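Residue numbers (the numbering used here), protein chains in the order written: chain A, 502 to 561; chain B, 53 to 279; chain C, 24 to 462; chain D, 10 to 165.
The beta carbon of each residue, even a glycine, is placed where N, CA and C say it ideally should be.
See structure below.
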Ligand SMILES: Cc1cc2nc3c(=O)[nH]c(=O)nc-3n(C[C@H](O)[C@H](O)[C@H](O)COP(=O)(O)O)c2cc1C
Ligand code: SF4
Ligand code: SF4
Ligand code: SF4
Ligand code: FES
Ligand code: FES
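In structure tokens, the structure reads:
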């Protein structure tokens with residue numbers, strides 16, 4: 502049910518497409534897989550990522 | 053000089069290496085560490101082709117086409133099964149530690165590693181262990197740094213030191229903890245530091261000015277202009 | 024066991040209290056007579072021809088002849104600046120010959136470099152020494168000072184007119200520094216990434232100048248050749264390799280040690296007689312002939328002469344000829360895991376296959392240790408063996424790294440399949456997406 | 010806030026006299042600074058760079074390339090135990106367990122008082138007398154886990 506009166510009102514902006522929950526995929530989170538550091542997710546906290554080792558570390 | 057690639061005869065410049073000679077004829081060979089303006093170092097081991105000693109040979113030998121001269125009567129093969137398997141294995145080795153960053157990476161659609169991954173036909177992952185990570189430096193207002201996406205092809209250090217003459221970028225570290233950057237934070241003081249965003253085949257050095265208002269390469273409208 | 028000079032040209036003048044033989048005792052025990060003969064009555068080309076006729080091969084495991092390497096110098100007088108390098112790094116595990124041979128006999132190495140520099144017209148020699156040999160560095164510097172005050176080093180050496188200077192460059196502990204091109208790069212104060220050959224170091228080596236890099240044992244075999252003759256040197260033992268070698272077994276044996284033996288000596292005589300066999304309650308399972316970078320061998324190959332050609336067609340390398348014995352109690356998975364961990368933590372990080380394939384094999388062996396192996400791990404190790412061969416990688420560290428893995432796969436495959444327990448899981452379930460259940 | 014001493018600078022110059030390229034003395038300069046300081050700090054890279062005349066990127070790459078050149082602060086003594094293959098056959102793991110239950114640290118960290126820094130190291134060239142362990146100037150061989158408490162207590 503998306504029929505409209507004016508054709509200009511069929512242009513759905515970002516506030517007309519963003520819903521409250523995950524929809525059909527309830528658990529996938531991309532930024533848990535991505536390697537870039539964001540808020541609440543430091544380098545090495547992503548999935549299958551080791552902690553970053555500095556080049557100045559004493560291990561050989 | 054005369055070369056025979058996959059049973060096809062070609063005429064090339066005799067003072068060129070095999071990689072640039074085969075690239076000038078339209079033949080496709082994957083390569084990372086070689087640049088036409090920087091020379092050859094044989095680092096990435098991606099440009100492997102099977103060279104035969106004479107016209108009638110079956111064994112051959114996997115050689116670096118960026119390090120092999122294109123002398124007269126050189127018989128090589130690009131699409132041999134051993135060469136293609138080795139190139140796919142090199143791509144797979146480069147993909148073991150590579151971050152899952154392509155949607156959020158400024159080089160997506162312009163990435164040499166993406167094209168060389170697709171061209172070698174590598175699309176199935178079997179490496180299941182952890183991936184190494186690195187902290188990112190601050191290189192100034194123009195260059196944005198992401199060391200996670202590096203493949204250690206040494207293009208940046210070679211250009212920035214041998215070509216650009218810069219002094220504040222280098223390779224540090226060890227076996228697989230190589231770090232390409234400044235010894236500390238700060239702006240790259242070279243006057244030709246901006247070419248790193250095109251020299252680097254990956255998303256390590258990115259145009260931060262472009263990365264602010266970012267769009268992809270297929271979404272751009274270009275024109276050939278003069279600076 | 025006595026050591027006459029006729030069959031022990033290197034270790035006959037050793038001391039029982041393991042004390043360094045200094046200049047007076049070395050000169051009393053036939054010291055610098057070969058150097059005097061070379062620098063007085065022999066042309067440098069005559070010394071090169073004598074070395075080439077002696078059949079002196081590379082003692083670093085490569086087997087390259089010293090005369091052919093010395094003959095690769097250009098004959099141009101414009102390239103007069105020539106360099107001599109002594110590879111006293113000895114960074115390979117299971118290799119302890121250079122420590123013994125230069126801790127108590129440094130003047131032998133000094134004399135050998137003097138002869139080799141006069142035969143090559145090289146005015147400077149550098150001993151690239153590892154940083155862990157503190158006592159050896161002190162003894163070498165004291166021997167250099169004693170030779171300098173006696174007129175054996177410096178300007179106008181023994182009244183001849185040849186000027187030669189000697190230095191000791193202490194390395195900073197990296198295994199790839201033992202590679203000769205990487206040794207040159209580390210000598211120049213750079214990162215020890217190796218160089219691509221051609222050009223060889225004989226044409227453009229140290230700072231572009233012509234350079235010859237030689238092992239410690241080759242430079243110690245040189246004065247015996249130059250002092251006791253060449254035809255005597257070829258008549259030490261009836262074998263394909265003239266001269267003797269520092270050989271011995273190590274690892275859970277009754278008498279671990281080092282002995283100077285002629286070539287062609289089988290490993291069982293080194294084990295059962297010199298080393299006294301295995302220890303109490305330890306049955307012999309495997310052995311490595313040439314240190315950590317060589318193929319493992321079993322008891323069937325123990326009755327075989329230890330030469331370059333004898334081990335070359337056997338499926339391994341002679342190497343440094345310092346063998347290692349493994350009993351049953353050492354799990355081969357853990358042993359290969361430690362070997363690959365050493366080879367993956369000492370890579371120089373230049374080229375892709377070694378740098379990004381040895382950590383994968385290390386992680387696979389770590390999973391095999393804990394029983395977390397999955398179907399497709401041994402195939403991955405075999406692919407690593409196939410694609411890290413001679414010429415696939417930039418330098419020769421990675422073929423020597425993957426040789427023990429291929430030998431343990433060939434001879435001890437039953438211990439690797441005992442670590443594969445769980446099925447091949449690579450992806451986790453994503454709710455809402457039906458996976459592509461391939462066959 | 011790093012100032013090179015006169016003795017360090019003259020030692021670096023004397024090592025520079027032995028090479029036709031002053032870049033060749035970078036490793037020995039780093040080792041001199043490490044010997045005089047225990048570890049190589051951040052400003053020492055730039056100090057060696059402008060003493061030698063080479064860019065600091067090369068000095069940093071050399072310092073981080075080699076394992077025996079320390080770039081992070083350590084304790085007053087560095088325990089360097091051989092974890093290679095001959096000492097593995099001779100059982101270095103018992104020695105590592107003894108060191109770990111004594112110092113109560115992990116390989117790569119320092120004690121809370123800054124006395125010992127536990128570190129695995131490469132082959133020490135003493136494989137026939139394995140296992141071996143390296144303290145600052147001494148190499149100990151024929152190790153047993155029972156002799157480790159007697160060995161560690163003599164290094165203050
Ligand atoms: C990874 C690697 C490590 C090496 N380490 C040493 C070493 O520690 N000592 C040595 O004499 N040769 C070593 N070599 C061999 C050298 O490349 C070279 O053969 C040697 O320095 C001189 O050869 P020579 O035996 O004819 O004198 C190593 C080679 C490789 C590939
Ligand atoms: S940062 Fe880029 S140019 Fe430099 S080595 Fe890595 S991938 Fe190559
Ligand atoms: S550099 Fe290339 S492969 Fe890496 S995340 Fe960016 S687009 Fe993907
Ligand atoms: S195989 Fe490659 S990365 Fe490994 S030590 Fe040699 S050059 Fe360096
Ligand atoms: S392009 Fe030839 S090895 Fe990199
Ligand atoms: S293996 Fe430990 S000293 Fe050589």
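- Residues of the stretch 517-540 of chain A with a C-beta atom less than 8 angstroms from some C-beta of chain C are 525, 526, 527, 528, 529, listed in chain order.
- When Cβ-Cβ separations below 8 angstroms define contact, residue 454 of chain C makes contact with chain A.
- Residue environment for residue 52 of chain D: exposed (fewer than 16 other C-beta atoms within 10 angstroms of its C-beta).
- Neighbours of residue 148 of chain D in chain A, taken as residues at a C-beta separation under 9 angstroms, are lacking, since the least C-beta distance is about 17 angstroms.
- Around residue 368 of chain C, the beta-carbon contacts reaching into chain A at under 9 angstroms are 560, 561.
- Relative to residue 320 of chain C, the option among C:302, C:355, C:286 whose CA is nearest is C:355.
- Sorted by position in the chain, C:81, C:82, C:83, C:85, C:87, C:110, C:112, C:113, C:114, C:115, C:199, C:201, C:202, C:203, C:236, C:237, C:238, C:241, C:418, C:419, C:420 make up the residues whose C-beta lies under 6 angstroms from a heavy atom of ligand 1.
- The three-state reading of DSSP puts residue 118 of chain D in strand, counting E and B together.
- Inclusion of residue 93 of chain D in the 7 angstroms shell around ligand 6 follows from its C-beta lying nearer than that to a non-hydrogen atom of the ligand.
- The three-state secondary structure of residue 310 of chain C, taken from DSSP, is strand.
- Secondary structure note for residue 350 of chain C: it is in no alpha helix (DSSP H), and the uninterrupted beta strand (DSSP E) holding it is 345-350.
- Counting of Cβ neighbours within 10 angstroms places residue 183 of chain C among the exposed residues, the total staying below 16.
- Straight through space, the alpha carbons of residue 68 of chain D and residue 154 of chain D are spaced by roughly 39 angstroms.
- The contact set of residue 132 of chain B on chain C, defined by CB atoms closer than 9 angstroms, is empty, because the minimum CB distance reaches about 14 angstroms.
- Spanning the alpha carbons of residue 363 of chain C and residue 29 of chain C requires a straight line of approximately 42 angstroms.
- For residue 226 of chain B, the neighbours in chain C by C-beta distance under 7 angstroms run, in chain order, 372.
- Distance between residue 134 of chain D and residue 119 of chain C, taken at the CA atoms: about 5 angstroms.
- Taking C-alpha positions only, residue 559 of chain A is separated from residue 185 of chain C by approximately 46 angstroms.
- Within the same chain, 127 come within 7 angstroms of residue 41 of chain C by CB-CB distance, once the 5 residues on both sides are set aside.
- Counting only Cβ-Cβ distances below 9 angstroms, residue 544 of chain A has contacts in chain B at 185, 186, 187, 188, 200, in chain order.
- Under the DSSP assignment, residue 45 of chain D falls in the alpha helix (DSSP H) whose first and last residues are 35-46.
- In the displayed model, residue 190 of chain B falls within a strand according to three-state DSSP.
- The beta carbon of residue 131 of chain D sits closer than 7 angstroms to those of 93, all from its chain and outside the five residues before and after it, given in chain order.
- Placement of the Cβ of residue 374 of chain C at a distance of less than 7 angstroms from at least one heavy atom of ligand 4 is found.
- Exclusion of residue 135 of chain B from the 7 angstroms shell around ligand 5 follows from its C-beta lying no nearer than that to any non-hydrogen atom of the ligand.
- Taking each of B:107, B:92, B:195, B:158 in turn and checking the Cα distance to residue 120 of chain B, the smallest one comes out for B:92.
- Spanning the alpha carbons of residue 337 of chain C and residue 138 of chain D requires a straight line of approximately 29 angstroms.
- Looking at the DSSP output, residue 259 of chain B sits in a beta bridge with B:195.
- For the stretch 40-68 of chain D, the set of positions with a beta-carbon nearer than 7 angstroms to some beta-carbon of chain B reads 54, 64, 65, 66, 67 in chain order.
- Here residue 100 of chain B is bridged, per DSSP, to B:116.
- Nearest to residue 444 of chain C by alpha-carbon distance, out of C:49, C:432, C:393, is C:393.
- The C-beta separation of residue 224 of chain C from residue 239 of chain C comes to about 18 angstroms, leaving the pair out of contact by the 8 angstroms criterion.
- The residue from C:109, C:78, C:199 with its alpha-carbon nearest to that of residue 132 of chain C is C:109.
- Just so you know, the alpha carbons of residue 140 of chain B and residue 260 of chain C end up roughly 50 angstroms apart.
- For the pair residue 111 of chain C and residue 77 of chain D, the CB atoms are not nearer than the 8 angstroms cut-off.
- At a cut-off of 8 angstroms between C-beta atoms, residue 221 of chain B counts as an interface residue with respect to chain D.
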